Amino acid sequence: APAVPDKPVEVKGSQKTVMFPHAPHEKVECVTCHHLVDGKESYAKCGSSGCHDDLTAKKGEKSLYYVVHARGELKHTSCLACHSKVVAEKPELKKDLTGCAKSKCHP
């Protein structure tokens, strides 16, 4: 597959941009986030046209916000869904991984 980015990359929303760092996720399988689409591999941007291209709505499969922040039952793992579990085991990282403000995602 392509080489994983070695510097934080930009995850553009409609107003905010959150930097995503691959290094701390080196042990997570690529497919967990870059999930298969139509049975095929894809490393395209999450908010690509035809993917999670609704950058303003809070819900719906097309909502980038939803695929990122939902803790609900999803077809794939969201950032918050996994972070909740990590935080359950490492409570000292609650603010860093799940905070809406002053977190590692939203400083």
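Position 1 is the first residue in the sequence shown; the rest follow in order.
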Got a sec? Mean C-alpha B-factor, which is higher, 71-79 or 24-32?
71-79
Compare the C-alpha B factor of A1 with those of the other modelled residues in its chain, then answer lowest, middle or highest third.
highest
Per the entry's values, where does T98 land by CA temperature factor relative to the rest of its chain, in the lowest, middle or highest third?
lowest
Taking the entry's C-alpha B-factors for this chain, is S84 in the lowest, middle or highest third?
lowest
